[PDB]
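Peer 1: My sequence and its experimental structure, below.
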Amino acid sequence: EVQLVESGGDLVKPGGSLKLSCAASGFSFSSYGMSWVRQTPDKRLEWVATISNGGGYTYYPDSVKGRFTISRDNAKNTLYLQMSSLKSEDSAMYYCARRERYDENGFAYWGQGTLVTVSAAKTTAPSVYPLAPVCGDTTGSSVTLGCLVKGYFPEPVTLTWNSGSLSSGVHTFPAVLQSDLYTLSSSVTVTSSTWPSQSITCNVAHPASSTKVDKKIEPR
Amino acid sequence: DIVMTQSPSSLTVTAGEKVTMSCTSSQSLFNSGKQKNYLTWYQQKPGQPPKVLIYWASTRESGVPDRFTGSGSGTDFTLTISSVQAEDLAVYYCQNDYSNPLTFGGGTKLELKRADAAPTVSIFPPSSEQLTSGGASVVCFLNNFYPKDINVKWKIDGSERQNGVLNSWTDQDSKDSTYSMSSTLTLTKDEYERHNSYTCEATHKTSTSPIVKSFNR
Amino acid sequence: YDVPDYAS
């Protein structure tokens, strides 16, 4: 099993620096060359830096030259990207894939990324608002209910209905970011009579601010 | 940079059906030295780091199921699944591996055919709790439509609206091949209460005319 | 013998 295992990708303020490591097994690291590759939030991935099998030959894009340096360590048998002077657009997941030496066939072996997030934003907890209709039966005679989580930073929150007991009905629309802070929403749907008779409650956890909160959807 | 263009950003697909996808280069990727175009195709699933299916345009990886044929040479290139499976619905990329900077191609995402459905739009007023702080977001959920091609148009009192709409959308859903949208218009309490009707108008392939969801304070 | 990357 070849194994590339990354570390270092934290949430640092822009202008800061971050170092990332990547561990190698199942081959002699010394024989092959390493690369670093980032996958951005809209999911295009872009080559950060490429080295050789002992060093010397260091390669980067113009986005990266000056700030980032790719390193090697053949006894500690580890690959590092020193990232420095961080722009926000650097925010990406960083994968250490490797260079296929003998064969020439891409990056067939990727570690499982280390998410680099650079923001000057600071941790603000969410605002969980219970969104009940002025009672609208949706499908069959159903009723759509909903929760909106406004104004949290960093990530993630996690959003259930009756503690995951209610798994059906619900769609949860991804996090998206308003004032450089995020927003998430979901619709639990049940057939009318459940609501308002039977409890339906939105629970929300934002682990970086320590907030668990739960909001009962409710007429009066 | 040698620039890789992927098309289309998406491709619908039934199953057991042949699909082709493309990539193109500004320059060419082919060297005479070795005798190979160095365009490598990748496949990706959420959670999953992309993996090599074809390398050198044409040559399939170890393990890559034989439906996966390579082609394309020079500057336009092709990725061809002879018979697509659930297990093949994923984003596929392409890459200049020929010369630095190694550039990849934007993305082509497989999402599979389903029969037409229109959304179950649902509008929601700002929770009072919101207004008690000075803000007022109207949530209009929009569910279970298919295709993904949909408008949503907020309108305050018949006049159209644009500033203050944030919209999350889901992926295609695995149980039923449906997508969902949430449009939300965030005003302040003050603008909210110099107003009366609100609408989220909605156009879709099925929508003969646009589904409207008004409330009204 | 550090070898130049094949994409160099």
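Peer 2: Great, that's in hand. Residues are numbered from 1 along each chain as shown, chains lettered A, B, ... in the order given.

Peer 1: what residues are up against the residue nearest to residue A:129 when sequence neighbours are not counted?
Peer 2: Take residue A:129 and drop its neighbours on the chain: the residue closest to it by C-beta to C-beta, 6 or more residues apart in numbering or on different chains is residue B:127, 3.8 Å away. Placement of C-beta: from N, CA and C, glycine included. Going by C-beta atoms under 8 Å, 6 or more residues apart in numbering or on different chains, residue B:127 touches A:129, A:130, A:131, A:148.

Peer 1: what are the phi and psi values for the last one?
Peer 2: So the one you mean is residue A:148. Dihedral pair for residue A:148: phi -130, psi 130, per degrees, to the nearest 10.

Peer 1: Check residue B:210 too.
Peer 2: Torsion angles, degrees, to the nearest 10, at residue B:210: phi -60, psi 120.

Peer 1: residues contacting it?
Peer 2: Contacts for residue B:210 (C-beta under 8 Å, 6+ apart) come out as B:151, B:153, B:201, B:202, B:203.

Peer 1: hmm, 6 Å instead?
Peer 2: Listed by C-beta atoms under 6 Å, 6 or more residues apart in numbering or on different chains, the contact partners of residue B:210 are B:201, B:202, B:203.

Peer 1: same check, this time on residue B:12
Peer 2: So residue B:12 contacts residue B:113 (C-beta under 6 Å, 6+ apart).

Peer 1: the helices in chain B, which residues?
Peer 2: B:128-131, B:189-193 (DSSP state H).

Peer 1: For chain A, which of the ones you listed is the nearest?
Peer 2: Comparison of the helices of chain B against chain A by C-beta to the nearest C-beta identifies helix B:128-131 as nearest, at 5.0 Å.

Peer 1: now the contacts of residue B:210 in CSV, with distance to residue B:49?
Peer 2: Compiled in CSV, these are given as follows (distance: C-beta to C-beta, whole Å):
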residue, distance to residue B:49
B:201, 41
B:202, 37
B:203, 38
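
Peer 1: Ranking by neighbours, what's the top pick from the residues you listed?
Peer 2: Counting neighbours by other C-beta atoms under 10 Å in any protein chain shown, residue B:202 comes out on top of these with 22 neighbours.

Peer 1: The residue lying closest to that one once chain neighbours are set aside and residue A:156: what is the separation?
Peer 2: Spatial nearest neighbour of residue B:202, excluding adjacent residues (C-beta to C-beta, 6+ apart): residue B:211 at 4.5 Å. Using C-beta to C-beta, to the nearest Å, residue B:211 is found at 32 Å from residue A:156.

Peer 1: More neighbours: which of these two?
Peer 2: Legend: neighbour count by other C-beta under 10 Å for residue B:211 and residue A:156, higher for residue B:211 (20 against 13).

Peer 1: quick one: the more buried one and residue B:121 touch, right?
Peer 2: Yes: contact status for residue B:211 versus residue B:121: in contact at 5.3 Å, counting by C-beta atoms under 6 Å.

Peer 1: Quickly list what's touching both of the two.
Peer 2: Counting by C-beta under 6 Å, 6+ apart, the shared contacts of residue B:211 and residue B:121 are residue B:202.

Peer 1: so how many other residues sit close to residue 5?
Peer 2: Since no chain was named, I'll use chain A. 14.

Peer 1: other chain: chain C
Peer 2: By other C-beta under 10 Å, the burial measure for residue C:5, its neighbour count, is 18.
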